[PDB]
S.K.: 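My questions all concern the structure below.
Side chains are part of it too, since the values below use all heavy atoms of this structure and drop only hydrogens, waters and symmetry mates. Every chain is numbered from 1 and lettered A, B, ... according to where its sequence line falls, protein lines coming before strand lines. Whatever order the structure lists ligands and atoms in, that order sets their numbers, starting from 1.
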Number of protein chains: 2
Amino acid sequence: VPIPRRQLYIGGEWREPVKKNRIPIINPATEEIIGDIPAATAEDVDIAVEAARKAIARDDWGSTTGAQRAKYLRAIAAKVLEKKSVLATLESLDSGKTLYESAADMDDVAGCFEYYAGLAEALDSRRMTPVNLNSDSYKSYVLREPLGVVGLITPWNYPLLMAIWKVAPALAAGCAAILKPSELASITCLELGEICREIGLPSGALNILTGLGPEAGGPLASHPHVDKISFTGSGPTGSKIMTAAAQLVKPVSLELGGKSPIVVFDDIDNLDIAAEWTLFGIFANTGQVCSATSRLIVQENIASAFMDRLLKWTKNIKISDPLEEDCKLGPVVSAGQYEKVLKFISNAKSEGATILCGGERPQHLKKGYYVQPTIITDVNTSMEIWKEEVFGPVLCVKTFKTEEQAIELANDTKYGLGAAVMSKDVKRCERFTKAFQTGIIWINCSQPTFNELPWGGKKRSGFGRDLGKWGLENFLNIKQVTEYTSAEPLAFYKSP
Amino acid sequence: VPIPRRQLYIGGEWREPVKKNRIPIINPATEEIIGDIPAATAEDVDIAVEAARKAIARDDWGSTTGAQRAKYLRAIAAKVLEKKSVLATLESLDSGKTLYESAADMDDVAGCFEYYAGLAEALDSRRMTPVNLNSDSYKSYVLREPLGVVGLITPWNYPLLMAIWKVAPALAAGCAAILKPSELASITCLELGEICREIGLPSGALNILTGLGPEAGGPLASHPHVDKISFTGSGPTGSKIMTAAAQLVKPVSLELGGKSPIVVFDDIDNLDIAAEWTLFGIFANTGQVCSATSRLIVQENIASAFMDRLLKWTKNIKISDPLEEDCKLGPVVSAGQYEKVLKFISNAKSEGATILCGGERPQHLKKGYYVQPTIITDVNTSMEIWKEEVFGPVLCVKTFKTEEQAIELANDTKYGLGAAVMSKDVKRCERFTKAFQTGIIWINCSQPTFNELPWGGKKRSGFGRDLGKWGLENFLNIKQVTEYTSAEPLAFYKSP
Ligand code: NA
Ligand code: NA
C-alpha cells in the first residue's frame, strides 16, 4: 500500500462532492474494504462542465497549439513511468488484475500518451485543408477544430488504460474532458488527477468525477453543454446513455461487449503455441476482456489432441494473490461479478453442457472472488453460454468439419467485436478476414493490438473506433469554409 | 401532367405493400389530390431488409469492385439527365419547388452520382492499408468493407437530392440501402426505383419504401438486421429515431435544422449583391432549407440603407404556380407547414415584433399554400421567432455596432448548422470562420456547397457529415487485421 484518499479533480483543484458522499474501495483478492472514493452527483457534473467550458474559452487551453498540448501529454506519460510500480500495485489492489498485467497496462498508458503526443504535433499542419472545386467563383477549405466538452465514461477492466484510450486523444484534439471511471476501480484515475496537478495541466482541461453510474455518469449523458459522450462498458448501460443523449441529439460512441470466436483448423503448425493463444484470448484478465475469444470453434480432426493440450495448459495456470509476480490468474473484480459468473457456469450444467475443467472456486483460496479457468464442452447453439457474454474466465467449445460450418458458427452471434483464425493456410485466413462479421480480426494469435490501429466492433458490440487517427478525429468538429470570390451578383432574383 | 403510379421497389421488383395501403399525393400549389403512393408497413420493411441482406451475400453486389459499382452510379446519372425535364416537373408538382429550382436539383443529383462514381473507382485502391508497426513479430492492416444494410430516412425539401446525398455514397461504399423518402414528396424517389430497374442495378442493392414516418421509417430504426440509420429531417423525429436505435445499440447520423445567422458589415462593397445573397439564404425553396440564414445581424451604420435594398428586392419576388416561367417563389409543401409558418408570424406580432413586409398569404393566389416572403424587425433575443426554426420564408433582423456584439448574437442559438459573414475585411472573415459555432461557414455568400465538402452541423443541428469522403466513409465498416508472424510461443503462460 498506502491507499490514497482523494476528492474529485475539477478545474485544476481537489473538490469535495457537493453532497459529501463516499463509496468504498474493496480489494477483490481479500474482500477487505481498503479505502473509499468520492461519490459525485449531478451538482458535481454541472461544476465539472462549467470548468471544462471555461478551459475551451481560455487561452491556457482553448487557444493552445497541438505542439503545446503534446508537451502536457508527454509530461503525464513521464510521471506515469516514474510512478509505474506504485500505480501497477494500486491497479492490482483495486481491480484484482495480476501485477504483471497491471505493469503491462502502465507501459501501454505511456505508449498511448506518446502516440497521441506525436499526432498532436502533426495536428496543426492539417488544421486547414484546401479543397479542389470545379469552379472559379468559389474558394473552399476544411477546418478542423476541437469538438468541445466531452464526457468519457469508462470501465473497471483496464481502469487507467481504458481511461487513457479516451483521455489521450481528447486532450490531443484540444477538447476539455470530464472522465467518469467505474466505481469498482477508480484509484489510478484519481491518481491521474494528482499527476495533472503535478504537471500543471490547465484548469478544466481534464476533470475526474468518481461515483455511481446513474448519479455521476447519467447527468453527463443528459447535460446541455456536453458536446459528445465516449462510452466503454456494458450494452444495457450503452443503450441507457444513448437514450439519454438522444433527447439532446448528442453524439455518442459505444464500445460494448462481445462473444468473439477463435477458429482452430487442423493445419496449425504447433498445438502448444495455438493452445497458449487460446488461453490468452479467454483467461487473461480473468476473462474480463470485451474482445475475449470466448467461443473455441475447433476442426474435428484435431479437436481431441488440441483439447488435451488446452486442458493441460489450463490446469497449469497459477491462481493466487495478484501481487505475486508469477500470478497468472487474479480474482474477478467484485462479489456481484463473482455471482454473475458462477450463475453462467451453473446454468450451463443445467442445460446439458459438460464442464471439462474448472467451474468451481480454487481449493487453496478461501477468500477472494476467485473463479477457476473453466472449459465447457458438449455445447449447442441454443445455450445461454454460447449466446451471452460471461465476462469471466469461461471458454465454451464447438467442433466443425468444413470451413463453411466454422464461418456459420463464428458468425452465429448478435455481437461483432473480434475474431481469430488459427491456420497455416494463407488464402483461408484471408477468406476469414472478409467473412468474420467483426471490427477486429486476429490471424495466428488472439488479443494483441497497437495504438496505430482502429479498435471497435459492429452489430451488438456497438460502433465507432478507438485508437489510431480515429481516436483523435472523434474529438474534432469539422467545418466547411466556402468563399464567393467573384465580383458579379448571384443573378438568381430580378433586380428592383 | 401524367402522374406515375408505382409500387414499392424491393429486391429488383415492383412489390405491392403486404397490407396493400396507399396514401395521397397532394399538389401544394393547387391543394388537389394528383395521385397516390404505396404505404409500406413493418412487414414490407422486413422484406426489404431480407432483400438487402441477400444483395450483400450475392456475388453481383456484395462481391463487386468499386469500379463495377461506379458503372451503375454513372448509368443512374445518365438516366436522370435524359429524364431531367420530366423529373423536374414531377418534383415541382409534388413539393411546390419552383421548376427552375427543381431543374437545378436534377443537375445536382447527376453531379452527386458522378462524384461518388469517381470515389467508388478510388475505393478499391484503399481497401487494404498496411500499417507500419515498429514490430518484428506482428503485421497489421486496415480493411475497409461495406457497413452492410443501411436505412436512409430523408426529407421532402429536396425530395430526390436529399435521397441521393445518402444513396450515392451508400452504393459507392457497397452497402445495400433501404430508402424511406418523406410521405410529402415521394414521386421522384419512386422514379429512381424505375431508373434502377432500367439500368439493371442488382436486386436488393437499393430498396425504396414509401410510407408514413412511424409505419415505414420506425421499423427500419428498430430492425435487428439494419446496421446503421442515416437521417435528415426534424430534431424531434431525429430524437425518436435515435431512441429506437439505442435499444439495438445501432449507429445513427442526424442532420437536423438550424437557425443560421447572416452577419452583414458596413464595409460590404455592394449593397445589392449582399441583399440578393440575403434573399437567397432565406427565401429560396420558400425558406424550407435546414441551413437557411434566417437571422440577419446587420451593422447599424448600413442597417437602414441595406434594409431598404432588402425590401425592394423582396417585393420584386414573383410568387406564382411553380411550373411558370420566372416563378421565384412557390408555395410551402403542405397545409400543416402553411399553418405552422403563419402561426410563427402571428406569435412574433404578439411578442411586439414588427412585420416589415409580408406575413400573409398573397392576395392574387386563392388556392395553394402560399406565404409571402416575410421580414421581421424590432426583434429581441427572448422571442420565439429568434430562437426557433420556422422552415418558412421568414427572416428576422437585429442590428449590432461592434464585432463582439455580432459574434454573441451569431452564436446565440441552440443550433449550429451554417453561418455567413458579409465583409471585405479578410482578417475579420477569418476570425468569424473560427468564432461561428457551426459546421458550415459562408464568406460573402449564403448557401453554395459542393460535393467535395463535408456538410453538417453541431449543437442541436445534430452530428455526422454528409458529402465528400465523409459521406462514403459513413457507410464503411473498418476492420483491424493483426497477424502474428513469429514461430515463437507467446510465452505468457507456463508450459505443462
Ligand atoms: Na476496487
Ligand atoms: Na406532395
S.K.: Both conditions, 6.0 Å and 45 degrees, for the charged tip of B:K97 above the ring of B:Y158: are they met here?
M.R.: yes
S.K.: Calculate, to the nearest 0.5 Å, the distance between atoms CG and CD1 belonging to B:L190 and B:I25 respectively.
M.R.: 8.0 Å
S.K.: Begin with the C-alpha distance, continue with both residues' side-chain angles, and end with the deciding distance and a verdict on side-chain hydrogen bond (donor to acceptor under 3.5 Å, both in side chains) for B:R361 and B:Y338.
M.R.: CA-CA 9 Å; B:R361 81 168 285 112; B:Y338 177 81; 2.8 Å; yes
S.K.: Which protein N, O or S atoms does the Na ion (ligand 2) have within a distance shorter than 3.0 Å?
M.R.: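 Short answer, with waters excluded from the count: B:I26 O, B:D94 O, B:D94 OD1, B:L184 O.
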S.K.: Any side-chain donor paired with an acceptor under 3.5 Å for A:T41 and A:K19?
M.R.: no
S.K.: Distance check, rounded to the nearest 0.5 Å: B:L365 atom CG versus B:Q372 atom CD?
M.R.: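 The distance works out to 9.5 Å.
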S.K.: Applying side chain to side chain contact (heavy atoms under 4.5 Å, CB included), name anything that partners B:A29, two or more places apart in sequence or on another chain.
M.R.: B:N27, B:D321, B:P322, B:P331, B:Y370
